[PDB]
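The block underneath contains the structure these notes are about, expressed in structure tokens.
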Amino acid sequence: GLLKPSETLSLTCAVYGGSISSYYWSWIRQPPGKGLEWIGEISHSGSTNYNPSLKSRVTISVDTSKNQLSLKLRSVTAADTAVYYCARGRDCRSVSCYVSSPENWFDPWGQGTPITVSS
Amino acid sequence: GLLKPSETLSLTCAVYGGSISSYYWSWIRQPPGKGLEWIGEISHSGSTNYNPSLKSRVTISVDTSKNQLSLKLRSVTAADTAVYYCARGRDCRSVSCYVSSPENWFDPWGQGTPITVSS
Amino acid sequence: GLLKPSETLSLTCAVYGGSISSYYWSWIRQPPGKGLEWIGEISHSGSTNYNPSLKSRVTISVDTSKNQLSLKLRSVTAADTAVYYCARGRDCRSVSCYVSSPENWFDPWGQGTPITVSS
Amino acid sequence: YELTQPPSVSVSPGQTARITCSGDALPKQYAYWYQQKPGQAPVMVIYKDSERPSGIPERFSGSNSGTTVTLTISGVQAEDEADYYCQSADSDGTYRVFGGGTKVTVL
Amino acid sequence: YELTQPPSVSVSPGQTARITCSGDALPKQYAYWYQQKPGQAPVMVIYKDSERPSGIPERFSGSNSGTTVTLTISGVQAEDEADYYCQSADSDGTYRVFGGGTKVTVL
Amino acid sequence: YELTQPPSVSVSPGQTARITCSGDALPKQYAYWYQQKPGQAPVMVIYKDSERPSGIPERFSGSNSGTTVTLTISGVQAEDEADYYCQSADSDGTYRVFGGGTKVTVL
Amino acid sequence: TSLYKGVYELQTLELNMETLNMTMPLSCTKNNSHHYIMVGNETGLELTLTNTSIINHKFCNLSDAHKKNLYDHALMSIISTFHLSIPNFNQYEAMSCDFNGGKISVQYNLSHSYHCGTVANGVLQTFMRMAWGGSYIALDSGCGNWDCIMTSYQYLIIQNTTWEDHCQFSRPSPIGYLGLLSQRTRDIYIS
Amino acid sequence: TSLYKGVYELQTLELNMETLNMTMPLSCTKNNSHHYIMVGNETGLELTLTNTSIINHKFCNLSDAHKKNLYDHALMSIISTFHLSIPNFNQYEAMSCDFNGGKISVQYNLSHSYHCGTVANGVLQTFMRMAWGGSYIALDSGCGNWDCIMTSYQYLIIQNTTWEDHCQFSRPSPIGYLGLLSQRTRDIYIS
Amino acid sequence: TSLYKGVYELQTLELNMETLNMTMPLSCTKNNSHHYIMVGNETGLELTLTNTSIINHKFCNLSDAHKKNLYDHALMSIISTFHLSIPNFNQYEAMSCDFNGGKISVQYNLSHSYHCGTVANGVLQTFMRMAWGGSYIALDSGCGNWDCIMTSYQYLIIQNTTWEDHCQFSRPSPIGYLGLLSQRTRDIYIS
Amino acid sequence: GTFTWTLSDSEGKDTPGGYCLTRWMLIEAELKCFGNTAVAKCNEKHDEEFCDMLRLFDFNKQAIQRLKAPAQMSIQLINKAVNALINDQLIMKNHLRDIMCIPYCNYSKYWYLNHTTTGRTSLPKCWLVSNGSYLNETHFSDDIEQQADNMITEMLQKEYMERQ
Amino acid sequence: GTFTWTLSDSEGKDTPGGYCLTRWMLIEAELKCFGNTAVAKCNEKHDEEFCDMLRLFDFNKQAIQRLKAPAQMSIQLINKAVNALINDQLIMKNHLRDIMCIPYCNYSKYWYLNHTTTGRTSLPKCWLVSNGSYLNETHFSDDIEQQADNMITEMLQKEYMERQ
Amino acid sequence: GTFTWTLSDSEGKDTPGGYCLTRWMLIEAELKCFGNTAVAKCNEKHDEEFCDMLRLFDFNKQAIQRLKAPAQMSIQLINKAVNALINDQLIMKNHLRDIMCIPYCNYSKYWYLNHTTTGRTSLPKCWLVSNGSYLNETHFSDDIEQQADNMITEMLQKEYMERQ
Ligand SMILES: *[C@@H]1O[C@H](CO)[C@@H](O[C@@H]2O[C@H](CO)[C@@H](O[C@@H]3O[C@H](CO[C@H]4O[C@H](CO)[C@@H](O)[C@H](O)[C@@H]4O)[C@@H](O)[C@H](O[C@H]4O[C@H](CO)[C@@H](O)[C@H](O)[C@@H]4O[C@H]4O[C@H](CO)[C@@H](O)[C@H](O)[C@@H]4O)[C@@H]3O)[C@H](O)[C@H]2NC(C)=O)[C@H](O)[C@H]1NC(C)=O
Ligand SMILES: *[C@@H]1O[C@H](CO)[C@@H](O[C@@H]2O[C@H](CO)[C@@H](O[C@@H]3O[C@H](CO[C@H]4O[C@H](CO)[C@@H](O)[C@H](O)[C@@H]4O)[C@@H](O)[C@H](O[C@H]4O[C@H](CO)[C@@H](O)[C@H](O)[C@@H]4O)[C@@H]3O)[C@H](O)[C@H]2NC(C)=O)[C@H](O)[C@H]1NC(C)=O
Ligand SMILES: *[C@@H]1O[C@H](CO)[C@@H](O[C@@H]2O[C@H](CO)[C@@H](O)[C@H](O)[C@H]2NC(C)=O)[C@H](O)[C@H]1NC(C)=O
Ligand SMILES: *[C@@H]1O[C@H](CO)[C@@H](O[C@@H]2O[C@H](CO)[C@@H](O)[C@H](O)[C@H]2NC(C)=O)[C@H](O)[C@H]1NC(C)=O
Ligand SMILES: *[C@@H]1O[C@H](CO)[C@@H](O[C@@H]2O[C@H](CO)[C@@H](O)[C@H](O)[C@H]2NC(C)=O)[C@H](O)[C@H]1NC(C)=O
Ligand SMILES: *[C@@H]1O[C@H](CO)[C@@H](O[C@@H]2O[C@H](CO)[C@@H](O)[C@H](O)[C@H]2NC(C)=O)[C@H](O)[C@H]1NC(C)=O
Ligand SMILES: *[C@@H]1O[C@H](CO)[C@@H](O[C@@H]2O[C@H](CO)[C@@H](O)[C@H](O)[C@H]2NC(C)=O)[C@H](O)[C@H]1NC(C)=O
Ligand SMILES: *[C@@H]1O[C@H](CO)[C@@H](O[C@@H]2O[C@H](CO)[C@@H](O)[C@H](O)[C@H]2NC(C)=O)[C@H](O)[C@H]1NC(C)=O
């Protein structure tokens, strides 16, 4: 929907699916007319990484009782208008990648949810 | 022979042979009508082990000047009536078994010496 | 030439060549009518060893700006009359022999310079 | 950390299109390529530097030469007109970067 | 720590007698078997779980199945009537235990 | 530390001369042999215990037997009349010792 | 269970570290406020995080305790290990003791300076290590904090107790104590 | 470069130990008299060999410094490592300090007894190790002298400074400091 | 000798640890009451188990000894190793010293409390280790006793002596001393 | 300094060169024998939590059988003996893992692979702990598969050495 | 006690099982990837200066990514962690070499051999220092040649194991 | 931390890569050379008393040849250098053996097997001590036989590697 400049954006990839163990789920956005920007990712262990320029305003989490993946972005000050997407990423079944993985990718994409920010 | 209840029993397997280096010598007794009971054993290094229920009353030693193996049992209070035997056991030519050996056996047996305890 | 008993002897194997990196250069002397005596040696790293009986009076060094190998012997008290020689020795291209070498030899010899010590 | 892609290429139908991507972390990191057609989410076309995911036509083939990677579309079809993007992580991993995106037109 | 043996078996002459012994330390410890006839000292019959000592007739053969061990006397002779005992050490070694003893009669 | 050599040997022309050298460090240290003719510097004849340096005639051959080493001159020529010396280091290395020197005459 | 490669069964093993009691101190966790170190059987120490002080002395008369020598040496050596292992412990006013008749009682005041470079996050690191494998529940902290460790409690009290089986939250292990033996002389200031 | 066996190129690698600044102290040498230990960024210690004293107290009031606790703990732990690592330091009159407002200033008098079994060749061994990989230029000694180490300077002064890039003679390295962590309790006399 | 497998001769080797004298202290046993630690040549320490005291002071004025600095530093560092390595040494009244003119004399009273958790079985463990490989003859104990070690003697006296070849019961070895260097900070109580 | 303690003889009948854990050392109260192909590795590895625990348990066995009982329980023996028995830097490793929020070993639970026809097993690996509990198998099944391949490799090496 | 720290995953695309050094760790500001045949050796060797530095750099990477930034810079983490990361006796070795006037490693410069067709490299060795400067190649070319033969041997062993 | 000291070159003429013990280090006053097949093992083993003594003796050789003589005899050099030279946990191992009434090494006497045709020898093992004296050969001849088989195995491995 429509957000005001000081509001928090909350998106859940309930439609696509999420919080599936063994996978590193991630969020990506595409401002209209622009290329793709990575927001952040969450490992099956709950560990996260965020785009360093965005990090201070963003939370990615998984609700394991609901099996829902969600993004919360604070202070959505106009510039955040974009289409937001989930992607499933790589799996992990080893200890070494449990909390961090040198690589990931975005194989299936969660359709895309346009977000408009205005006043 | 005959022992009184507060006397010490002293047996030497001089007849069979004993205190032969490399072997773990042991003492066994058989109360009349009963099965066999292990008393204790001595390694060629002089180290010993005793039946835990008997231990506090029993000494096994080797006199290396005499080449004689002997048993001393204190407070021989009637219940100790039994035939007593020596057995040669296993040999040892390695450091690991010098003072203790996980296993032993009783291959030759030293005939048996009936002991009567009474008043 | 001729030296007095309290003078220092200074010889340079400029004619033969010297201070060539990778080699252990050495000095040897032969008192007239006698066998050969080792004086000392210097490694390409500048490290030296001297005949223990002579050591306190002898310096061996290399002048790397001049490419000259030289010997200085103090208190040349008559007994030092001898023919003095340089020898090139073994080479070294490994760390282990840089400052010390269990073995050496004297393959080319630097002709020989007779030294007379008198008053 | 940035990846560089040409903003566009053009290919006549039946010819081969090549789009490239470059960056310093590429000798260590794998590139992945995605295809986005107007109105949809991107679909992965090349996995790791060269491997083609199931469902992707044989026309698509990737390769690399160290600090650069590329996607080759052989026998380009009108069906292949799209915006293609590369991504790879930074030298230390963690941060994932998409390139600018190359518009591939089929004339 | 105890070893369990049946108190007795009976075998017709020419048949096979089997006496068993069981305990928890047996997968780690070896059993030894001894034969005692009235009036004498026991003689070892089976060494380790199965090996026959020199001088012992071929009739005697041992075996094991983990926590149990056994002595088989094939072709039992009247000569084999005796009290047979097993022994083994406890789980940690050190303490040596004899079983109850099985009386083998030859009927 | 000292090395022992005979003070002299004599050989008729065409015969074989042998000069020896001994010492305690020799099982560890290599000996080297030098030839000195009157008026010149010594020239190495045998390198390590047996190896002949280039330029040295085939007549010269060394060998060792543990604490002793030797130089054999086969087919001695008048050209070989000289003072021959052995050297080796002490047991710990560092100190280099020459032997007394053996005068080899060719009669 | 399940087979790997069609032939290897995955199996598990759990160790009974209780049998190590006769040679090594064993550290247990009961709940957020109570942790225990048992030495052999019969005795041991109780480590309690509380809001109630027991000592208000501001004295720790160790030289007197040593002269009298009525204390159990096996407990005193655990305490000196604990104490000596606290990094940068430069606030002695934060530590009070009462050694009396052999009774051991040591109280650390975590509210003294109450967050890096404070008393509490020094004392609590040693605590976390000695009661490791359970003590983390008592700290008001998530993971990723190696220094700035704080709890809501004001005092850490160490007292001698009797043996009882209190290993309800986590099992006994000699590991915390043994690990601290290598930290005894690290991060100790001059005078 | 050159090829070994006709196929192996010899190549080199140099490490940038500057990136280790955020977790470990890095020791640099500027010239014969000035050496530095940087801790993170912003601060660190300056080790100076001089002929000018700064402290003439003959007191080192550590207990007062500890009570006030105004000093940077990361620098104090470097100093206690330095001090405790000095072998056979039995001359306390050779050490003066001035801890004031958190200011750190420690002065060792090398001219006190000024050559084996002296003060200077004790203090200078620790110095040589903490400033290793550059400090050798400050010693009036050739190689082959493990004990009788002397310099011409009279004082070794340790003071807190600010961060500046002073690594002119030799590059920063954590190795000197890390090596000293194993020497903290060696060669320390009784009382 | 004998051949194994018909081809391998069993041969022996004995080490001459005397040549290690110039870099390491060497510990010897002469008889039940006298043990020695030689340092280089010329000097060393004598460890004597006796029934005759030499010091009746009940003072150990180390700070005075340090201020005067007349003692041999190589012997003082052996003594501080010995002392600091004694586990649970909480009885200072059991130790008297007389440092005078550089003279070293230290006396431990083993009869002070005279059997686990006593003075004697603390001091004697360090003794057994420093004089290891011979000292066992002086202890009134069989094998199997790691703690309750007692002797019949009342005092352990450590004094400086001159070099003499006293290695009659057992050969010199650096091993006892070197082993103790790892025990210097273990089992030392607080204050 | 590296640990030096060696394990006592505790071989199984079909497990020579190995080491058997008796029931009092195990929660399950079962007797478990590991062979020499697993046990020998404890003398080479510096990083195996299982092997260090194996030494602490063996130490206790020998100390209790060999030494006379003390008056009061004392811990001097372990304070001096500990570095000969375990790698104290493993404790530090697991401690750092814990702090850095990485799965760590708390030394109580181990897993191993056991071949269903031969009885040959791997040296037990520590089951790791994260956020108060044990990791699921689904979080480390790739490491388990690697262990299965390491065992297959070793079996093949054995037969090849048989070919001489 | 022996170091226990393991390196994080930092594989190159053609360098699996290895470890890549990113540009900020190197003076040259280049990316350098070493394979598993060099890196694996760090878990066996106790005497390689390169491997210990490799652990200190890896430690920093993980500590900075995993731990929350401190208030003021503290060195408690390294004072406790250091023995798990490096062999402190190498520092002592190089220190003694220095004192005894023997070429020593000051830990900043390393050399390795790199095969011109395959890209396979040796584990870097420390370039040694003596009398204020680096040793010339002409003073250690025999050690370099030995390293070249060790690599040839290993390559041949690999093909032979391929023959099965 | 693991020892780091390396032995100096002391090869015999027919014993390259080995290490020779000169007469002043031996009671017998004989020169004894051990080959590389025995000596190389000292860089892998953490538990060999002989190898640690070999390092202490080598240390002395280098310290006396490389360092200037001190004023008065000082032991600072060993107090700092010792852990780089020996495993202090072996001292602890032998100490615990002694206390627990188990034969222990007191570091003075060693034995080895020497092949009568080739001169190849084993790395010396410590002759153990119990109850004030040395153990008889009759108390450890099975360990000697095992060493003989280990040497035979190694010889065969050598020829097999020759077959390529
Ligand atoms: C590791 O474990 C072993 C086994 O326990 C232990 O070995 C023992 O070491 C001691 C010390 O070296 C050995 O003791 C020597 O024994 C000889 C022989 O003694 C017998 O025969 C004599 C004959 O006269 C009898 O009197 C004696 O009672 C015995 O029956 C003695 O001769 C030795 O004494 C001399 O040498 C000593 C060296 O220090 C001197 O201190 C002593 O005063 C004597 O010196 C005189 O004679 C010298 C002759 O060379 C001469 O040079 C001197 O100037 C002077 O005139 C000494 O008592 C003992 O036999 C070994 N036991 C064995 C192998 O079973 C190790 O010591 C132990 N630890 C270490 C580190 O190795
Ligand atoms: C403290 O520890 C030091 C070592 O750290 C000991 O000092 C050593 O003492 C020994 C014994 O005197 C020195 O040993 C050397 O023995 C050589 C033996 O020679 C052999 O060969 C000749 C050949 O004709 C035979 O006759 C003889 O019988 C032997 O078989 C001597 O030759 C050595 O002499 C010196 O001079 C010659 C000639 O100039 C040189 O070639 C030698 O290299 C050497 O310089 C020597 O006597 C040993 O060298 C000493 N070491 C050191 C470093 O000095 C102390 O004895 C010990 N202190 C105590 C109290 O025990
Ligand atoms: C890490 O552990 C915490 C505590 O156990 C988990 O958070 C709890 O989740 C349950 C639902 O499963 C809630 O009912 C509790 O109220 C939560 N407790 C707290 C303190 O938040 C957390 O989910 C775990 N993390 C992961 C990735 O599993
Ligand atoms: C352990 O050592 C003791 C002391 O050497 C041995 O006991 C001595 O034996 C001799 C006879 O051989 C007697 O004359 C002595 O009187 C005994 N001394 C003591 C103190 O008892 C003991 O036999 C040795 N043990 C073994 C198994 O050999
Ligand atoms: C060891 O280093 C010193 C100092 O760098 C070298 O000595 C210098 O040599 C130059 C000529 O190359 C002279 O101009 C300087 O005056 C000398 N300085 C000093 C202090 O003597 C020395 O040559 C080097 N040793 C070796 C073997 O190269
Ligand atoms: C803590 O230790 C003290 C000292 O041993 C215990 O108190 C003693 O208990 C005995 C029991 O017979 C009394 O005779 C002493 O008089 C008591 N001494 C003191 C100072 O009170 C105390 O009980 C222990 N604590 C616990 C919980 O058991
Ligand atoms: C050494 O440390 C002292 C103490 O932190 C520094 O001096 C303080 O500087 C602040 C700056 O805002 C002042 O407010 C304090 O009053 C000063 N305290 C004292 C005791 O002077 C000092 O500047 C540092 N040294 C250097 C070279 O920076
Ligand atoms: C123990 O050390 C003391 C101190 O060095 C020795 O006594 C000194 O001996 C010198 C000899 O020239 C005298 O000048 C000093 O006056 C003596 N000082 C004292 C305090 O007596 C003492 O001899 C040494 N002990 C032994 C056995 O040699």
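Residues in the structure tokens are numbered from 1 in each chain, the chains being A, B, ... in the order shown, and ligands are numbered from 1 in the order shown.
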| message | Excluding stretch 27-31 of chain B and its own-chain neighbours fewer than 4 positions away, which residues fall within 8 Å of it when counting only C-alpha atoms? Please give them as a ChimeraX atom specification. | response | /B:35-41,71,80-87
Selection from above, N, CA and C atoms, as a JSON list (two decimals), in the first residue's frame, can you write it?
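New file again.json:
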[["chain", "number", "residue", "atom", "x", "y", "z"],
["B", 35, "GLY", "N", 31.98, -73.46, 44.45],
["B", 35, "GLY", "CA", 32.73, -73.18, 43.24],
["B", 35, "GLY", "C", 34.03, -72.50, 43.61],
["B", 36, "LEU", "N", 34.75, -72.03, 42.63],
["B", 36, "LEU", "CA", 36.05, -71.45, 42.86],
["B", 36, "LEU", "C", 35.99, -69.96, 43.14],
["B", 37, "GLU", "N", 36.82, -69.50, 44.05],
["B", 37, "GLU", "CA", 36.93, -68.08, 44.37],
["B", 37, "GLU", "C", 38.34, -67.55, 44.21],
["B", 38, "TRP", "N", 38.49, -66.49, 43.45],
["B", 38, "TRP", "CA", 39.80, -65.88, 43.27],
["B", 38, "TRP", "C", 40.19, -65.10, 44.51],
["B", 39, "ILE", "N", 41.42, -65.24, 44.98],
["B", 39, "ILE", "CA", 41.89, -64.49, 46.14],
["B", 39, "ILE", "C", 42.65, -63.26, 45.75],
["B", 40, "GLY", "N", 43.58, -63.43, 44.84],
["B", 40, "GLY", "CA", 44.42, -62.33, 44.40],
["B", 40, "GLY", "C", 45.56, -62.80, 43.52],
["B", 41, "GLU", "N", 46.31, -61.84, 42.99],
["B", 41, "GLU", "CA", 47.43, -62.16, 42.10],
["B", 41, "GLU", "C", 48.58, -61.20, 42.26],
["B", 71, "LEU", "N", 51.13, -66.71, 50.47],
["B", 71, "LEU", "CA", 49.89, -66.08, 50.89],
["B", 71, "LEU", "C", 49.77, -65.97, 52.37],
["B", 80, "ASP", "N", 36.79, -69.37, 56.17],
["B", 80, "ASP", "CA", 37.92, -69.47, 55.31],
["B", 80, "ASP", "C", 38.34, -70.92, 55.11],
["B", 81, "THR", "N", 37.58, -71.87, 55.67],
["B", 81, "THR", "CA", 37.90, -73.27, 55.43],
["B", 81, "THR", "C", 37.73, -73.50, 53.94],
["B", 82, "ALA", "N", 38.77, -74.01, 53.30],
["B", 82, "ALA", "CA", 38.74, -74.21, 51.85],
["B", 82, "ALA", "C", 39.96, -74.94, 51.39],
["B", 83, "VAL", "N", 39.94, -75.42, 50.16],
["B", 83, "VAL", "CA", 41.19, -75.89, 49.59],
["B", 83, "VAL", "C", 41.85, -74.74, 48.89],
["B", 84, "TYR", "N", 43.11, -74.47, 49.20],
["B", 84, "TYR", "CA", 43.80, -73.34, 48.57],
["B", 84, "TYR", "C", 44.74, -73.81, 47.48],
["B", 85, "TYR", "N", 44.75, -73.10, 46.35],
["B", 85, "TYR", "CA", 45.57, -73.43, 45.19],
["B", 85, "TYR", "C", 46.37, -72.24, 44.67],
["B", 86, "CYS", "N", 47.56, -72.49, 44.06],
["B", 86, "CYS", "CA", 48.30, -71.51, 43.25],
["B", 86, "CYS", "C", 48.07, -71.80, 41.79],
["B", 87, "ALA", "N", 48.22, -70.79, 40.99],
["B", 87, "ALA", "CA", 48.20, -70.98, 39.56],
["B", 87, "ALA", "C", 49.22, -70.05, 38.95]]
Just want the residues within 10 Å of ligand 4, written as a list in words, counting only C-alpha atoms and all ligand atoms. residues 42, 43, 44, 45, 46, 47, 61, 62, 63, 64, 65 and 66 of chain B; 142 of chain I; 130, 131, 132 and 133 of chain L
As a check of understanding: the span from atom 20 (C, counted along the ligand's line) of ligand 6 to atom CA of residue G:99 is 8.2 Å
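Near ligand 7, at distances of 8 Å or less and with only C-alpha atoms and all ligand atoms counted, sit the residues residues 43, 70, 71, 72, 100, 101, 102, 103, 104, 159, 160, 161 and 162 of chain H.
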Print the selection's residues with C-alpha atoms to a file, as a JSON list (two decimals), in the first residue's frame.
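The resulting file, result.json, is reproduced below:
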[["chain", "number", "residue", "atom", "x", "y", "z"],
["H", 43, "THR", "CA", 45.79, 6.23, 21.26],
["H", 70, "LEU", "CA", 40.99, 7.14, 35.44],
["H", 71, "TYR", "CA", 43.52, 5.41, 33.20],
["H", 72, "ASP", "CA", 42.95, 3.59, 29.96],
["H", 100, "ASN", "CA", 47.55, 11.58, 37.30],
["H", 101, "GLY", "CA", 44.14, 12.18, 35.83],
["H", 102, "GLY", "CA", 44.59, 8.98, 33.91],
["H", 103, "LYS", "CA", 47.89, 10.17, 32.53],
["H", 104, "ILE", "CA", 50.34, 7.33, 32.20],
["H", 159, "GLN", "CA", 54.14, 7.62, 28.20],
["H", 160, "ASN", "CA", 50.63, 7.65, 26.68],
["H", 161, "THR", "CA", 50.42, 9.41, 23.25],
["H", 162, "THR", "CA", 47.99, 9.91, 20.41]]
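Minimum distance to chain G across H:7, H:75, H:124, H:20 (counting only C-alpha atoms) occurs at H:75.
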| Could you pull out all residues of stretch 21-177 of chain G with a DSSP call of strand (DSSP E or B) and give them as a ChimeraX atom specification? | /G:26-29,34-39,43-50,95-97,100,103,105-109,155-162,170-173
Practice item. Select all residues from chain E having any atom no more than 6 Å from an atom of chain B (counting only C-alpha atoms, ignoring ligands), output as an NGL selection string. Key: :E and (41 or 44 or 93-94 or 100)
**Prompt:** Which residues come within 10 Å of residue J:48, counting only C-alpha atoms, excluding same-chain residues fewer than 5 positions away, as JSON, numbers by chain?
**Reply:** {"J": [41, 42, 53, 86, 87, 90, 123, 124, 125, 126], "K": [4]}
Output N, CA, C and O atoms of each residue in that selection to a file, as a tab-separated table (two decimals), in the first residue's frame.
chain	number	residue	atom	x	y	z
J	41	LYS	N	44.31	-42.26	16.02
J	41	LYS	CA	44.26	-40.88	15.60
J	41	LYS	C	44.38	-39.88	16.75
J	41	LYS	O	44.80	-38.75	16.49
J	42	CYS	N	44.06	-40.27	18.01
J	42	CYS	CA	44.11	-39.40	19.18
J	42	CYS	C	45.55	-39.01	19.49
J	42	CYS	O	45.80	-37.99	20.13
J	53	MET	N	38.67	-36.00	26.16
J	53	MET	CA	37.86	-36.55	27.22
J	53	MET	C	38.25	-37.97	27.50
J	53	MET	O	38.31	-38.40	28.66
J	86	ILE	N	44.99	-32.92	28.42
J	86	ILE	CA	44.11	-32.28	27.44
J	86	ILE	C	44.73	-31.09	26.74
J	86	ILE	O	45.68	-30.49	27.24
J	87	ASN	N	44.16	-30.68	25.61
J	87	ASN	CA	44.57	-29.45	24.96
J	87	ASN	C	43.70	-28.32	25.49
J	87	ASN	O	42.52	-28.23	25.15
J	90	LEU	N	41.48	-26.19	23.24
J	90	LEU	CA	40.19	-26.59	22.70
J	90	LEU	C	39.13	-26.01	23.56
J	90	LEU	O	38.04	-25.72	23.09
J	123	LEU	N	35.93	-42.19	14.56
J	123	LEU	CA	36.24	-41.60	15.85
J	123	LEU	C	35.10	-40.63	16.10
J	123	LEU	O	34.77	-39.89	15.18
J	124	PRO	N	34.41	-40.65	17.24
J	124	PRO	CA	33.33	-39.76	17.53
J	124	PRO	C	33.69	-38.29	17.44
J	124	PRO	O	34.69	-37.84	17.98
J	125	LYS	N	32.78	-37.55	16.82
J	125	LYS	CA	32.86	-36.12	16.64
J	125	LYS	C	31.91	-35.53	17.64
J	125	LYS	O	30.97	-36.21	18.03
J	126	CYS	N	32.13	-34.28	18.08
J	126	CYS	CA	31.24	-33.64	19.06
J	126	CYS	C	29.97	-33.14	18.38
J	126	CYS	O	30.00	-32.55	17.29
K	4	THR	N	44.32	-24.20	18.01
K	4	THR	CA	43.10	-24.88	17.65
K	4	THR	C	42.24	-24.17	16.63
K	4	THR	O	41.32	-24.76	16.07
Open item on the list: When you look at residue F:55 with a cut-off of 12 Å (counting only C-alpha atoms), what residues show up, excluding the ones that are within fewer than 6 positions of it in the same chain? I need them as a PyMOL selection string.
Closed with: chain F and resi 43-46
All residues having an atom within 10 Å of ligand 2 (only C-alpha atoms and all ligand atoms) as an NGL selection string
(:C and (51-54)) or (:F and (1-4 or 23-25 or 89-97)) or (:I and (17-24 or 38-42 or 163-165)) or (:L and (23-25 or 29-30 or 57 or 60-61 or 64-65))
- Collect all residues with atoms no farther than 6 Å from ligand 1, counting only C-alpha atoms and all ligand atoms, and output them as a ChimeraX atom specification. /I:133,165-173 /L:106,108,132-134
With only C-alpha atoms considered, list every residue of chain G at most 10 Å from chain K, as a PyMOL selection string. chain G and resi 87-88+115-117+143-148+182-183+186-187
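Relative to atom CA of residue H:152, atom CA of residue H:137 is found at 11.8 Å.
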